[PDB]
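Right, one structure below, let's go through it.
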Protein chains: 4
Amino acid sequence: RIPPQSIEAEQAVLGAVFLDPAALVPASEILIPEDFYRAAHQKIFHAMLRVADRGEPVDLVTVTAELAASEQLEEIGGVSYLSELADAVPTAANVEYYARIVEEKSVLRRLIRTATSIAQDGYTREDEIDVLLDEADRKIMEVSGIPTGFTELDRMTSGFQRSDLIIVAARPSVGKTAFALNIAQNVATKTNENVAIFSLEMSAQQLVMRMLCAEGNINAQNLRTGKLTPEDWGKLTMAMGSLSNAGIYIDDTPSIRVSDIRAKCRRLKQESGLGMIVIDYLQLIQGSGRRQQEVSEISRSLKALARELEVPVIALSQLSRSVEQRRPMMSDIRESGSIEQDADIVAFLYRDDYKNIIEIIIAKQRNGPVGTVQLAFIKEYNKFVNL
Amino acid sequence: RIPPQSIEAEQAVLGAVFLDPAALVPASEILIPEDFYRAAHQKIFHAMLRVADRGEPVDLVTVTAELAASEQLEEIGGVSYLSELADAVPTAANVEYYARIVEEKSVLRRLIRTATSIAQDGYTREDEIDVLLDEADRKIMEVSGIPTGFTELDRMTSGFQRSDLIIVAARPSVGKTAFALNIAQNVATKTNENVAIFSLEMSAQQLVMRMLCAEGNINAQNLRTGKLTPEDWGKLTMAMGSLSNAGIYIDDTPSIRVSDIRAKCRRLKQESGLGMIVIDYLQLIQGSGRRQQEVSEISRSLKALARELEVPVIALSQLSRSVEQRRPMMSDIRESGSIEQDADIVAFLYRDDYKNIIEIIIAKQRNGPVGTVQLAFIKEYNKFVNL
Amino acid sequence: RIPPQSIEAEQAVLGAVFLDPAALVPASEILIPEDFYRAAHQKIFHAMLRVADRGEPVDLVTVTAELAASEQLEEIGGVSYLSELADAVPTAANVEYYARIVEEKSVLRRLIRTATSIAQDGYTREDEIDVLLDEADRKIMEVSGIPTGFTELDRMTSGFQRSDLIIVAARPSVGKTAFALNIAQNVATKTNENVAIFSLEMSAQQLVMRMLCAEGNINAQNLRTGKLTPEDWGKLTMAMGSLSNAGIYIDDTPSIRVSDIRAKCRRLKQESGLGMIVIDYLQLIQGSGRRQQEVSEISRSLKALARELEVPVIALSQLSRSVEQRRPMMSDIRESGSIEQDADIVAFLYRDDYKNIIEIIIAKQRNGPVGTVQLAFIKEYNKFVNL
Amino acid sequence: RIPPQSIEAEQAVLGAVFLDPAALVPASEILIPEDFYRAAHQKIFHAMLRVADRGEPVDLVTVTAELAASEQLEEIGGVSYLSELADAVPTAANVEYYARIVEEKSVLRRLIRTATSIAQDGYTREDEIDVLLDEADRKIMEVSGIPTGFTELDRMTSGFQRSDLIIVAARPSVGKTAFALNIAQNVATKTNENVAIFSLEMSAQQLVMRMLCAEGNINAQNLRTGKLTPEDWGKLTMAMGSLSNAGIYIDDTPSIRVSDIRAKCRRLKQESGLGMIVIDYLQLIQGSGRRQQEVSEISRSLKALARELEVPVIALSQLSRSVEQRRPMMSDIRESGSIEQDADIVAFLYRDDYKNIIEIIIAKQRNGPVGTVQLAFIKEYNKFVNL
């Protein structure tokens, strides 16, 4: 003690209102009744606000009436006290400055209260800690382009650029995961940039297995059922050697929230440098809770993630079973929107023959053309090659 | 105290008989003399019954005579008391209701007596217990590694080892039941070990039919629709002969709890010796009550079962419809966990072509590699063979 | 007093863990913290379990740390007490036996507690009783073929056999109720077996009216509007005479649960003998609560009912309006499953002409053929006759 | 004090039941246990009712038993008190009169209690008032044709008559609002009757703008974009002059409940006189809560409103998008019923050419023909004219 306060300034604020009713507007903007340290002043300010909300004139008579009806007049010192308040104001026009003093001392009391609260929790719960530090963080604050490797896709895009949200949608079995991994692999191994991969459905080793096969040309099923030709084995050592130098960071957390994604990428860019973010399908990202509105916020958040880290974000998406009812188009993700607006580039993967060829339909691109880029897919190595 | 009683109702029952002799029939049906709390009423009711059994009229005079001869008149209060009883009945026709009240309070006294008796025995004999609980039950009611046979699977596992919890998950129609039965059959017929099989969905004979077909190479549908080639019949006798020597113990109880499974296996190992436990799908095992938390406890309990009996436990599991949304992975049983941690080995069965070949994906193994072992399935015999 | 306990054994269990950390596994399997009579031992065992769940080594230091952070060290006697525990164990390897002693004395305390609780409720609530006895039952436990009469249907089935769940599905107005009643009537009047009929939609007398008409050939509408030919009346007396000798037990309870059905049939078989169970449509049986998952459990329960009482259970079912969209098939009850698996025999009733003939489609039969048996229906008597 | 009571009459009621069990029927009809001032009499009457609900005979013995089991015998004075009650009744046949005396004194106590409660709230909450008076109203009570102007529509209807609920349904853009306003305008300006208009979607001035244009022939868009020919302006002054004499009362409350509509019309008729009620679409009226059942009650209430004020009620309704799937019919509002029964006259507006002509389909009329009346619509003035 004693708690930071300014009775003189509190008195001047309330007084000002009684001298000029217009003074309540500036005061109410800066203060709420609870900012007043003295209980009587809280009750008085609250009476003023009530009268004001009714569109009734706020003066000594209506405030007196208001407090009389709420049985608070005597408790606050009567009309006689309201007179003193009116005598306690040097100039009504200075009400904002008086108000700021009251506010300043309210904020200080909140700082002291939350700080003490944190200190006490330190002795009590002991008994967690990780949560303690996070809520201590939380409570204190409250008191206040890139080449893709696919020459033909690079022509249209130029290629994937910083701050852009790129969405690659495809029906199951089309090969969207393989597509995203090829791009992530080409960027990390060919260029000097780091790629952050979030695989929510597929594990980290299960994903590396696919880019090892893709890298050194090893038959996928050959590893799965292993099997392995002695020289197909020597093919693996060269794949590892070249793939070890790449800046590939994988997070295989089953169902992350966007905040976790954001925080991890945040730390990575300022620690090692970041160039791309690839997320293995969006419909698996869980919201801030514990699903149409939920998915729009995630979409909106991924675009914000792209802008912040000045990096292209490639988010895979899955198409509704409408294509089969019809070649995919915008309406197939629009029934599952509103990813359509947030994405400055939307790409679909269509397989003409479900020719081991696959079509990459660029349906949306904010700065550049719209059309179909074509690539060949090799099932045995899980790769997309040029044409 | 005081013991549940109704003197008023007792008095009305006896009174009723003195007003209308026909009232004794309903009373005697519902009550015996001992149900009366007051000794005098027991003696009186007993006198009535005696007179009645002699085929003599039951009224105030004959009951008085009866009690006089048994030297009980004064003891029950004389004829003067018998008069009071006659004045204590509101309506003789309501005798059944009066009787039921007396009975109700007799049953309560028996409940209190037996419950107290059980409580006392708890402190005294201590000094048995198993008998105590059984008679407590009784008294309360009265008031009212191991080679698998599949060379390629044995390479990776080595094979199924003691104390391990092995989980074999597969979508319906893939052939998990057939797979588990083949292993159970190979172990019992080839090695000198005993296998305990729990089939909750399939009956004991229905399961033997499948391993008879598997054993001697008999067409499954041939038996189902029977049908049977004379020499396909001689094929059955050899199957039985060889299958009779095997130590196969089957329990086809519809939906057991884990405690029942545990107790049965417990007795078996120390009586004949136990080597494997196979349970036909986990989602059918019911909890300790009367379903996510429930399933975790069962999982946790099966692992404890494996450790206790130093035996591999093979628990079949069913996959969520997520695979079809995608080849199965850990997340497919994780939405139905938490079997993932308790199991030191998790295996999936994937059929490439739903090639009559089937893939056995070992997704988890605590001591050993992770990969895909491949086997061929024969629909006609319901068998898995090597490759 | 004093409550059954073993401080010595409690001390040895905790001590064992401090001597060999492996001792906690056997102890935790047998005991939970609450089994310990002494509060300090509960707190200590709970600290051990917490440390263990974190995958951290459980020894004197980590347990001391755990209790210090939960502010329980002094309360349990300090590290000095933890030392005594370590000195209180004769041999760490005997931990299971020490554990069982602790458990045994915990179970006894629960027996004493629940028994006392029952005794007290006996004096208090008095004021119910039927509920009292049932929960007293409940609480104490917790401390621990047939010829059908239709020659052509008998050919295929052979006929309805013990332990089989037979499901007879039909659209409204087809005549499934009449069909089930004819079978129930043929069995009871022709063979020496007892039939249990559950009619949830139709009353007991309303159902007897239909089998009286069927029995002695009395025009149904004739009774309904009565009406009655003097000799059609003498036809009724012969129907009653012959129908009185039959072992037909009817329960016309509006909407029973499966447990009530089971309990009644249970008592019946061991009291008079039971041969068949007929239930007038499944969709009316209410669940254990207060509807797809609910219906699967009922189905599963009826099959368990069949196995238990070694009796064929005939459960009528109603078809979805899909047939009219198309002759019924399995998919018509599959949208209302999962009765399809539990039933070892599924029969549909199809009327070619909605010929007063009706078709009985046996879509499923586990042991025997699949086909259509044909019978003639007589509207006037509500009967199915041969062909 | 002392609170209005009659112990003598209370005693006679209970006594009567003990003398003649039939006396409970009249007593229970007039009284509930709480009407008895004396606690013992409440307990006794409650015991009687319980015994009675069980279908058991209510006499001195069963009531004694009932109170003994609920541990209330001694508390009410024993069986000895029950005897006194039996002696306290002059004649059991007079039980209704005794009962009414008890009831009378119960009602008085409720009057005193609620009145006191109101008086106290007057000093406390002071601090609202409008709510106070309304609940004071509420609590005290608890203690206890027209020519349309369209000659062809007048032929069929004759025209809109008192007590009739008229429903005018139309798809958006057809012109139902304009239609209703024309009728309301014709009635008020031509005949000496008052029209009450409820516009929930459209404001009062926005609605007057449309009937000013309609009145004096002023181009609608001309006012909207104003614009205005000097003599088209003089056209406005004549429109106002003639429209000022009309008895048009408008309530443009966004989403009223039917009770508010009813109360306002109620006051209007007895204050100035009322002739018509027009409500701008029914689907906007909110229920008594905070939507199919909800809409039926509103419909039912509007018909009651028509009967009460002996006035035709014209409620606009909107059609489902079924017409476009097909000329509107009854089924288009039947999927949004049950307005179909309550309305004694249902009219649809169909526009042949969405000819600036519009069809008025009278689909229902309780007293009169069914057919199509045809009128011409002028978009520029928002008017319907004859033909």
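Chain A uses Swiss-Prot numbers throughout; the residues present, in order, are 8-151, 185-330, 335-370, 374-401, 409-441.
Technique stated in the header: X-ray crystallography, 5.0 Å.
Cβ coordinates are placed from backbone N, Cα and C, and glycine is handled just like the others.
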Among A:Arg250, A:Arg264, A:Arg330, which is the one Swiss-Prot gives for the ATP site where A:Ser213, A:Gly215, A:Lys216, A:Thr217, A:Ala218, A:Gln362, A:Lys418, A:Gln419, A:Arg420 also bind? A:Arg250
With an 8 Å cut-off on Cβ distance to the A:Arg381, A:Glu382, A:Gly384 Cβ center, who else from the chain surrounds the ssDNA site? A:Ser364, A:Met377, A:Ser378, A:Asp379, A:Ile380, A:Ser383, A:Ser385, A:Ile386, A:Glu387
Determine, to the nearest whole angstrom, how far the Cα atom of A:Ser213 (ATP binding site) is from the Cα atom of A:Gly384 (ssDNA binding site). 22
Take the Cβ of A:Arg381 (ssDNA binding site) and count every other Cβ within 10 Å, whichever protein chain it belongs to. 13
A:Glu382 (ssDNA binding site), number of other Cβ atoms within 10 Å: 10
Per DSSP, three-state class assigned to A:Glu382 (ssDNA binding site): coil
Sorry to bug you, but what's the C-alpha spacing from A:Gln362 (ATP binding site) to A:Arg381 (ssDNA binding site), rounded to the closest Å? 12
Spatial neighbours of A:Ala218 (ATP binding site) that are distant in sequence (at least 6 apart) but have CB under 8 A: A:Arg250, A:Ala254, A:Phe431, A:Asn436, A:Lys437, A:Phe438
Which number gives the other C-beta atoms within 10 angstroms of the C-beta of A:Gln419 (ATP binding site), all protein chains shown included? 19
Going by C-alpha distance, which of the recorded positions A:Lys216, A:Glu241, A:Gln362 is nearest to A:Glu382 (ssDNA binding site)? A:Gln362
The number of other Cβ atoms within 10 Å of the Cβ of A:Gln362 (ATP binding site), counted over all protein chains shown, is 18
Short of 8 angstroms on C-beta distance to chain B, which of the listed binding-site residues (A:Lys216, A:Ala218, A:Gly384, A:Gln419) are there? none
How many neighbouring Cβ atoms, not counting its own, are there within 10 Å of the Cβ of A:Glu241 (active site, nucleophile)? 20
